[PDB]
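Descriptive analysis of the structure
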Amino acid sequence: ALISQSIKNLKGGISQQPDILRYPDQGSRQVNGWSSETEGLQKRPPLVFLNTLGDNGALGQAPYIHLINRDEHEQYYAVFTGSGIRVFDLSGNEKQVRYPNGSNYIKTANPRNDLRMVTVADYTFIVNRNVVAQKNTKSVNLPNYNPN
Amino acid sequence: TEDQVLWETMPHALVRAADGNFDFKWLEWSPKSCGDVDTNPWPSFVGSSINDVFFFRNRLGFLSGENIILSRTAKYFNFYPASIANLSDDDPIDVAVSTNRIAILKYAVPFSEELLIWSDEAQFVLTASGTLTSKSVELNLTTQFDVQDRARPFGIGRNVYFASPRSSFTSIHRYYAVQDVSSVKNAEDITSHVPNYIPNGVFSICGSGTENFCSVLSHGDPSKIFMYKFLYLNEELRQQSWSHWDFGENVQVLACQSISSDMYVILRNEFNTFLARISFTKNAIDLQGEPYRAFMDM
Amino acid sequence: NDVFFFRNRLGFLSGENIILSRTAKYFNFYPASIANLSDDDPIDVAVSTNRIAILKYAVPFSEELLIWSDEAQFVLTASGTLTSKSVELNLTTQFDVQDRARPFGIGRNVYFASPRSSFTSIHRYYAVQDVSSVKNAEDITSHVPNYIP
């Protein structure tokens, strides 16, 4: 006999629980939304364009990305393509990536499964999880040294 | 005896010069000194693989097959004591993770006071009883949860978020420090009411403590950024929201990171590869002009 | 970036480092003799993180004199004596904090700002009741955003 409710806080979020399970306010699918606390439910912020990078395979098929915030005026990406490294600025430019020791360490068929990067304030470090750290031979201190 | 590791099968680095471009250098891992093979042991990663770099009390550190290998206190690139006569409290430590079962170490995330180290079926806290770090450094397993090996457990506030290996339609878990006990960890399920929503391969976990969300990319439906917006208030969580952002169909989102309130996103079309900026401004104007902040997706 | 006192020791923050001076004498960053390390020597404890954190403030809170940097927060206490070369440093709570305001303490709390893009926020920084030493940061503009520019 003339019931009324007021679902008042649509912060919510999707829930694929059944109908007689849910809380209020949730919803069954929510695309491009943004559920702030005070203001209710907005259209998401609109993705301002910055400079493009290259072709379709300019990065790898499934690359590894790691952002670097050293300072307020020193900000860089680091994309690990299956063959080599590109590095993009946060404004859309591109720096060059030298290889004075030879690369031979980033080349992996699946870079996000297998390479890492851990960045600290003074250094950066990348680890391949597929290369076995080999013992150095042919650099012994004294070659034979008959000890008597 | 040999006194070097091959400098190429070790982790490299990526250091910038003053010219502007990035170099990709090896690291000069210092020569072994003052010992033998049988008394200055090989550093327990020279026959297997390294998985992570992590810092812990002035010491550079690697994970290994099952081992944790922390470097010397003052000098990062040195895994050998200064003299095997007179052990001098700054020597590198080799603490094998002692388990009942098999656990190969894969990540290292600092959480509350501990810098705990995770591996694929169990979770391990690395703290000592006594000084900072001597050869006496403890290692115990707190919570034996399951964690996927292709996403790095990302921390926002008091929590750390991570993925779990279901077969299909995987899950994300909130990782606590409980209130009542001193040092008991816990992992809840913040997809316990939304399964069947995030497809299989969580390869990046974003976040920002400013706008209070965590998001997850996935290589099972790569056009979707799976947002999880939360808001803690008086120690009780008041918003378990989920969504997913599409940037148009047939468009692959291949990264997501966020400096303070700007989410810089590269995203792949079927012809190009972009770069973008999602700004959480309220009434401000994105570009110079634009009379009403036009919601435009590019 | 900062001057801070901690157990008779003058101290500076740095790029990532914490450099405390000698115990009796403030203006001295060198031990008296590198023969026979004598428990009052200056300490150089680099803040060991997973990520990038450049130290920017130092605020004494409950028992700890914890040190904040822009994306994480670090407690500087030792296990053992006052302060030897063995001094611990761990990160409690990884909250975001603006770099142009000094976190001010009133009672049991310490108040500070956070970098939203526009219309920023202020956060109350706890020590929780239940655990021994768990820190927390709530939001005391959670019901009034869009008010402090």
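What counts as what
- Residues numbered from 1 in each chain as written, not as in the entry; some residues may be left out.
- Chains lettered and ligands numbered in written order.
- Part of a larger assembly, values for the part shown.
- Heavy atoms only, no water.
- Helix = DSSP H or I, 4+ residues; strand = E, 2+ residues; numbered from the N terminus.
- Rg over C-alpha atoms; globule rule 2.2 N^0.38 Å.
- Buried < 20%, exposed > 50% of the residue type's maximum accessible area, 1.4 Å probe, protein only.
- Contact = heavy atoms within 4.5 Å.
- Areas by Shrake-Rupley, 256 points an atom, 1.4 Å probe, with all protein chains shown as cover.
- Pairing = 2+ DSSP bridges.
- Salt bridge = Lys/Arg side-chain N within 4 Å of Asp/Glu carboxyl O.
- Polar contact = N/O pair within 3.5 Å; in protein donor to acceptor, adjacent residues only side chain to side chain.

Its PDB header names cryo-EM as the technique used to obtain the model and reports a resolution of 3.33 Å.

1. Brief notes about the overall build of chain A
Along chain A, the regular secondary structure elements total one helix and 11 strands. Shown N-terminal to C-terminal, the secondary structure of chain A runs as helices and strands in the order β-β-β-β-β-β-β-β-β-α-β-β. Here the C-alpha atoms of chain A give a radius of gyration of 26 Å, more than 25% beyond the 15 Å that 2.2 N^0.38 yields for 148 residues. Oriented by its inertia axes, the alpha-carbon framework of chain A measures out at about 105 × 40 × 30 Å. Scored against the burial criterion, the 148 residues of chain A give a buried share of 43%. A separation of at least 24 residues holds for 29% of the contacts in chain A among residues at least 6 apart in sequence. For chain A, the exposed surface amounts to about 8700 Å²; the carbon and sulfur share of it is 46%.

2. Focus on the pairing of strand β11 (residues 121-127) of chain C
All names here are of chain C. With respect to burial, β11 is a largely interior element, five of its seven residues being buried. Two strands pair when backbone bridges link them, and strand β10 (residues 110-114) and β11 are joined in this way by five bridges, in the antiparallel orientation. Counterpart to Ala113 in the pairing with β11 is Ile122. The hairpin formed by β10 and β11 contains six residues between the paired strands, and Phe119 there has a positive phi angle of roughly 60°. Two strands pair when backbone bridges link them, and β11 and strand β12 (residues 135-137) are joined in this way by three bridges, in the antiparallel orientation. When the sheet's bridge partners are listed, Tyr126 is paired in β12 with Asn136.

3. As for the interface of chain B and chain C
You'll often see interface size given as the accessible area lost when the parts meet. If you look at the interface, chain B gives 42 residues, while chain C gives 38 residues. Across the contact surface, chain B and chain C share three salt bridges. The salt bridge involving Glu88(C) is made with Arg57(B); its shortest N-O contact spans 3.5 Å. Linking chain B to chain C there are 20 residue pairs in polar contact. For the side of chain B that touches chain C, the secondary structure elements donating two or more residues are β1 (53-55), β5 (107-109) and β16 (232-233) of chain B.

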